[PDB]
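Enquirer: Pasting a structure below so you can have a look.
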Amino acid sequence: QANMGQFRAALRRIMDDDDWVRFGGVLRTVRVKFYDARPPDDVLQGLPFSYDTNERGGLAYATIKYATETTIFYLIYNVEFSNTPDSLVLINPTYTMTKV
Amino acid sequence: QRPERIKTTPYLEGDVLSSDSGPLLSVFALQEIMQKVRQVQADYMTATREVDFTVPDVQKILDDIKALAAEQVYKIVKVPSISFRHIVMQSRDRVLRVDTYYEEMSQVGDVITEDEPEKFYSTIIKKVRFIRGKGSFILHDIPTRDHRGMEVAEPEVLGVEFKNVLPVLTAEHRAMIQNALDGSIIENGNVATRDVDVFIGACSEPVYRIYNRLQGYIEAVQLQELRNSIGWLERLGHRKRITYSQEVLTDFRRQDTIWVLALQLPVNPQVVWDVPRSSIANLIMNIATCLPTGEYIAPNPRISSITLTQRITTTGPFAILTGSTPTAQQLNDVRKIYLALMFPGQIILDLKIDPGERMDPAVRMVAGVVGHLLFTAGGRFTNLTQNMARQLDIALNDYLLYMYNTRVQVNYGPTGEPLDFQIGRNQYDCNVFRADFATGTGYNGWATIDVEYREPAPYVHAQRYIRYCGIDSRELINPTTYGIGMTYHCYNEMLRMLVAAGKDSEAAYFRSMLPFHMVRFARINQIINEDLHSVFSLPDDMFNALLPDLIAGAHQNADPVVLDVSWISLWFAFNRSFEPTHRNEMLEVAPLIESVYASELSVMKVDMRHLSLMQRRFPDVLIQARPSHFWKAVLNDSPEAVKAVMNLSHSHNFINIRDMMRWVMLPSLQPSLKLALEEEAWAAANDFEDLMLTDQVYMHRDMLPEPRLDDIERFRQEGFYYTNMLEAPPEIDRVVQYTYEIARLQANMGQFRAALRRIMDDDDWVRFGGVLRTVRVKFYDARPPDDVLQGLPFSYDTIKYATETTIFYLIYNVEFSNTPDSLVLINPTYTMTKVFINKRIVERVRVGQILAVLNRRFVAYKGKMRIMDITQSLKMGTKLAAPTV
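Encoded structure:
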């Protein structure tokens, strides 16, 4: 699919149909973390693959790598008495792209 | 990283003795090959031609071959070269247009003579190369301008020069020429997002031919051929088990790049193996470019002796031999032994005899015992001559019949041949150990299959798989038997015969040492079947035919190189194993080198084949010719790296006429861009008229004209001129035909001048045909000297038949002061020689048709495009994304 330039388009189309993607069948180590606030964007919006392109002598090369580590995060919501009833509602949602 | 080098027990672990590599071993082999013949010629009286046997630097030659791949045969220019010029007379509406290609062509090579065929061949080759070099070009970023909403090419890109004729014209002709210039619009020029510009220009036909062929080749070869080449490289790497990175190559091509490709990977191996007397060079090249880097490992010291208490130790039978170290000569002989082992039929061992050593007699016997189970003399290939086999059999007989213990009974046979007896209580027969090359009865390959066929190979010439003493390479990874069960027939028979002879300790030692021996041959088999597979390997036909020719003594064209060794070297090589550590440095670069070599050889071969017919076409010009003359002529204009590769063994002093004539006839070619361009240029050069040498030379007595000058401006306007150029030859009747032999015979009798004068007074024509002559072109505005006005096609020095001839164009000029009878003379002047050429060179053309040569179509890439050479990326380690069939 990367040869024909249809990798990212295929992934976007699959996401748009609300489907699930599995990358290979290699065993992966698991980490467990706990958070009390907004977690870093490396955990939520991170991706389990790497995709790069390069040019040499007029020829295009592509490199595709699969991640070997995954993480489990438990998020705890903390609120105070000064919060408006609809304070946590955002006009645009925040996305996470990892399930184990 | 690879599972066959994982060691789990200390049995296979030993100290490192030394190391060797491919670049060292190739030079060592060449030096030992040359020193032998030098010594033989020095020792005895020889009568031969003087030739010096030296050794070159192989690494430098390989680097030069690799650097040859970066050269380009084409040029990228903004405008094409000028191909038409004009000469302006006193006339106001007529000019003399001249095609510059013929004028530059007439002064390329040396004047053709009747006694130097090599210079003739060199001149022909130089002319063909000049045509090819001028023809091949690609246009890029031409200048254009705007006019009435159209794109108009500049006069600069047009191949016509007309600046010097503008002032002499009038208003009407200037307006017509301007209108013609403005009409050469760029086709499809009003649209954007283009890639080429198409216009109309002027060019000569021979250059146009190569231009069209180059454009067609550029359009034709594209991503498909690159995909095929990378797929073949992928298959070769799959055979060689080279590791691949996670980076891949896609087929994406940028909108502003144009690829070129001058080489292809599926090299026809035949072109490599048709070179006369090239076995040694091919073997040396294969060793240089394919051999890995490894080290020698001695067996574990505990196999011979073990300790039960500090003062109690087991003793081995060969404690004297194992407690010894080699010298330099013995190490060299061990390297020779391994080199002969790793190439089955191309290197053969022999025996070295010299009275300068004093060795223990037991060493010879132990060597004779070892050699039977170390070497191979089977029914399909051999590693040694018959003499060495006989000596080894004699040594084995001497070892068997010498007893340091209580004697056992022995029964002798009728004949007096060695090993012809029965020994021991159980009467073991020793006749099976005498050498017999028909079946290989006494050595390895006794009852085993050592050459098989498994799968089609990437190289079609070599398909065999070698299995020394029946060991497959997979036994190191997935064995099919226990440690005890590892054995084969010849070795077991050797053990049983040793036991029957009353020698038990030696049998125990060998039984302990067997697995190391088996692992060593497993590694040798893996090396020979994995890394040495290349073009320079011997084809199957020669490999099969090697042994019967040696048995029958018949002549063969692939004579093996024979080296000699010593007695202790057999034991020393038996007590070592070769274990590779690193792959060859140039393993992933070699196929490009082989492709370049094949392409250069094919270009040379096609040049020879085209030049071979010159004597048949023109017999009188090449009386004293041989194939060697054009052989040297072709070799003198070739890259030096290819010649260095072809002459590793100083072969060029030994090829005779028949060998090179045989090589030229062989129909094997390696297509490439350079070959296509050279073939197209040769096709354009078949007509000798385009090369500016001919044999249509005539002699006829003619008068320089004396026109009537009754109207000066009329005479100026008509544009009068004179030349010895013939627009049409006379009829076959009323001409006489002369020949080189007839002219020579008549000149040697003192009758040539009278015969020519008698012909001339009869107002006839004479042809001096059969001999090609160099032709030059000159222009004169005054009366030319008598050197060219009354020249002759022959010179007195006996006569010389091939003398150059000059076509001259004389332009008349008159003034207003000339009387109407101012050019007439009482005694007329004469001119003799004339030349006829069917081409069109110098023409009297009206000013309204100056731009009538614009009839060629030109396509030029735009300024936003780039042209790249991708031939350097064709490496073995590259893996493509979507595999091909």
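In order, the protein sequence lines correspond to chains A and B. Counting from 752, one number per residue, gives the positions in the first sequence under full-length UniProt numbering. With full-length UniProt numbering applied, the second sequence corresponds to residues 7 to 803, 814 to 901, in that order. By construction, the Cβ of each residue, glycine as well, lies at the ideal position given by its N, Cα and C atoms.
#1: Using a cut-off of 8 Å between C-beta atoms, extract the partners of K784(A) located in chain B.
#2: Please list the partners that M892(B) has in chain A, where partner means a Cβ-to-Cβ separation under 7 Å.
#3: How is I206(B) classed by DSSP in three states: helix, strand or coil?
#4: Against chain B, does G809(A) count as a neighbour if the rule is that its beta carbon must be under 9 Å from one of theirs?
#5: Name the residues in the segment 756-783 of chain A whose C-beta lies less than 9 Å from a C-beta of chain B; which are they?
#6: Using DSSP with H/G/I as helix, E/B as strand and the rest coil, what is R103(B)?
#7: Measuring alpha carbon to alpha carbon, tell me which of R773(A), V777(A), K784(A) and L762(A) ends up nearest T819(A).
#8: Can we say the segment 696-710 of chain B touches the segment 839-857 of chain B, given the rule of at least three CB pairs closer than 8 Å?
#9: According to DSSP, is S601(B) part of a helix, a strand, or is it coil?
#10: Tell me the DSSP secondary structure of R470(B) in three-state form.
#11: Kindly indicate which three-state DSSP category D885(B) falls into: helix, strand or coil?
#12: Figure out for me which residue from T445(B), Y474(B) and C209(B) has the closest Cα to the Cα of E458(B).
#13: For the segment 243-268 of chain B, which residues have a CB atom closer than 7 Å to at least one CB atom of chain A, in sequence order?
#14: Give me the subset of the segment 810-836 of chain A whose CB atoms are less than 9 Å from a CB atom of chain B, sorted by chain position.
#15: Between which residues of its own chain and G195(B) is the CB-CB distance below 6 Å, once the five residues before and five after are set aside?
#16: Secondary structure at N805(A), three-state DSSP: helix, strand or coil?
#17: Hey, is the segment 336-354 of chain B in contact with the segment 381-401 of chain B, meaning 3+ C-beta pairs nearer than 8 Å?
#18: As a quick exercise: from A395(B), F324(B) and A507(B), pick the residue whose alpha carbon is nearest that of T412(B).
#19: Is it buried or exposed, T313(B), if we count other Cβ atoms within 10 angstroms and call 16 or more buried?
#20: Could you check which residue in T52(B), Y744(B) and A604(B) has the C-alpha nearest to that of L762(B)?
#21: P212(B) to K895(B), Cα distance in whole Å?
#22: Give me the Cα-Cα distance between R860(B) and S678(B), rounded to the nearest whole angstrom.
#23: Where do the N-terminal and C-terminal ends of the alpha helix (DSSP H) with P367(B) fall, by residue?
#24: Buried or exposed, going by whether 16 or more other CB atoms sit within 10 Å of the CB of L520(B)?
#25: Once DSSP output is grouped into helix, strand and coil, what is the label at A811(A)?
#26: Starting from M156(B), follow its DSSP beta bridges and name the residues at the other end.
#27: CB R759(A) to CB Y812(A), shorter than 9 Å?
#28: For residue 806(B), which residues in the same chain have their Cβ closer than 8 Å to its Cβ, ignoring the five residues on either side in sequence?
#29: By the 10 Å Cβ neighbour count, where 16 or more other Cβ atoms means buried, how is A268(B) classified, buried or exposed?
#30: Among residues of its own chain, excluding the 5 on either side of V376(B), which ones have a beta-carbon nearer than 8 Å to its beta-carbon?
#31: Closer than 9 Å, CB to CB, is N754(A) near chain B or not?
#32: Below 7 Å CB to CB, which residues in the same chain sit around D787(A) once its five sequence neighbours on both sides are set aside?
#33: Would you kindly report the start and end of the unbroken beta strand (DSSP E) that includes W265(B)?
#34: From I815(A) to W771(A), what does the alpha carbon distance come to, in whole angstroms?
#35: Below 8 Å on the Cβ atoms is my guess for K84(B) versus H146(B); work out the distance and round it to an integer in Å.
#36: Go through the segment 646-733 of chain B residue by residue and report every complete run of the beta strand (DSSP E) that reaches 3 residues or more, in order.
Expert: Taking the definition as stated:
#1: If you number the first sequence from 1, residue 784(A) lands on position 33. Under the 8 Å cutoff, chain B gives no residues; its nearest Cβ is about 29 Å from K784(A).
#2: As a position in the second sequence, residue 892(B) is number 876, starting the count at 1. Neighbours of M892(B) on chain A: none; closest Cβ ~16 Å, over 7 Å.
#3: One-based indexing of the second sequence puts residue 206(B) at position 200. It is a strand residue.
#4: Within the first sequence, residue 809(A) is the residue found at index 58, counting from 1. Put simply, the CB of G809(A) is near chain B, with a gap under 9 Å to one of its CB atoms.
#5: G756
#6: The count along the second sequence starts at 1 and reaches residue 103(B) at position 97. Strand, per DSSP.
#7: Working through the first sequence from its first residue, we reach residue 819(A) at position 68. Looking at the Cα atoms, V777(A) is the closest of the given residues.
#8: yes
#9: For the purposes of this step, residue 601(B) is taken as the residue at position 595 of the second sequence. In this structure, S601(B) counts as helix in the three-state DSSP scheme.
#10: Within the second sequence, residue 470(B) is the residue found at index 464, counting from 1. In the structure shown, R470(B) sits in coil (DSSP, three-state: anything other than H, G, I, E or B).
#11: Taking the first residue of the second sequence as 1, we reach residue 885(B) at position 869. Reduced to three states, the DSSP call for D885(B) is strand.
#12: The residue given as residue 458(B) occupies position 452 in the second sequence. Minimum Cα distance to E458(B) is reached at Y474(B).
#13: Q252, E253, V254, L255, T256, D257, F258, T263 and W265
#14: Under the 9 Å Cβ criterion, the segment 810-836 of chain A contributes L810, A811, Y812, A813, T814, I815 and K816.
#15: Stepping through the second sequence from its first residue, residue 195(B) is reached at position 189. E157, listed in sequence order.
#16: If you number the first sequence from 1, residue 805(A) lands on position 54. Note: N805(A) maps to strand in three-state DSSP.
#17: Touching, yes, given that three or more Cβ pairs across the two stretches are closer than 8 Å.
#18: Reading the second sequence from its first residue, position 406 is the one you call residue 412(B). For the residues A395(B), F324(B) and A507(B), the minimum Cα distance to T412(B) belongs to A507(B).
#19: Translated into the one-based positions of the second sequence, residue 313(B) becomes position 307. With fewer than 16 Cβ atoms within 10 Å of its Cβ, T313(B) is classed as exposed.
#20: Locating residue 762(B) in the second sequence gives position 756, where the first residue counts as 1. Among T52(B), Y744(B) and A604(B), the Cα nearest to that of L762(B) belongs to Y744(B).
#21: Translated into positions along the second sequence, residue 212(B) becomes position 206. Translated into positions along the second sequence, residue 895(B) becomes position 879. For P212(B) and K895(B), the distance between alpha carbons rounds to 42 Å.
#22: For the purposes of this step, residue 860(B) is identified with residue 844 of the second sequence, where counting begins at 1. For the purposes of this step, residue 678(B) is identified with residue 672 of the second sequence, where counting begins at 1. Approximately 43 Å, taken between the alpha carbons.
#23: If you number the second sequence from 1, residue 367(B) lands on position 361. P367 to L380 is the extent of the alpha helix (DSSP H) around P367(B).
#24: Working through the second sequence from its first residue, we reach residue 520(B) at position 514. With 16 or more Cβ atoms within 10 Å of its Cβ, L520(B) is classed as buried.
#25: Locating residue 811(A) in the first sequence gives position 60, where the first residue counts as 1. Correct three-state label for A811(A): strand.
#26: Here residue 156(B) refers to the residue found at position 150 of the second sequence. According to DSSP, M156(B) bridges with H153(B).
#27: On the first sequence, position 8 is the one that residue 759(A) refers to. On the first sequence, position 61 is the one that residue 812(A) refers to. Cβ atoms of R759(A) and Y812(A): not closer than 9 Å.
#28: What the structure lacks is residue 806(B): chain B is numbered 803, then 814, with the residues between left out.
#29: In the second sequence, residue 268(B) corresponds to position 262, counting from 1. Buried, since its Cβ has 16 or more Cβ neighbours within 10 Å.
#30: What you label residue 376(B) is simply residue 370 of the second sequence in a count that begins at 1. Answer for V376(B): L576, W577 and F580, listed in chain order.
#31: Within the first sequence, the letter at position 3 stands for residue 754(A). Yes, its Cβ sits closer than 9 Å to a Cβ of chain B.
#32: Translated into positions along the first sequence, residue 787(A) becomes position 36. For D787(A), where only same-chain residues beyond five positions count, the Cβ hits under 7 Å are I827 and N829.
#33: For the purposes of this step, residue 265(B) is identified with residue 259 of the second sequence, where counting begins at 1. Counting along the chain, the beta strand (DSSP E) containing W265(B) begins and ends at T263 to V266.
#34: Residue 815(A) sits at position 64 when you count from the first residue of the first sequence. Residue 771(A) sits at position 20 when you count from the first residue of the first sequence. If I take the Cα positions, the gap works out to 20 Å.
#35: Against the second sequence, residue 84(B) aligns to sequence position 78. Against the second sequence, residue 146(B) aligns to sequence position 140. That pair is a contact at about 7 Å.
#36: Here the runs fully enclosed are 703-709 and 727-729.
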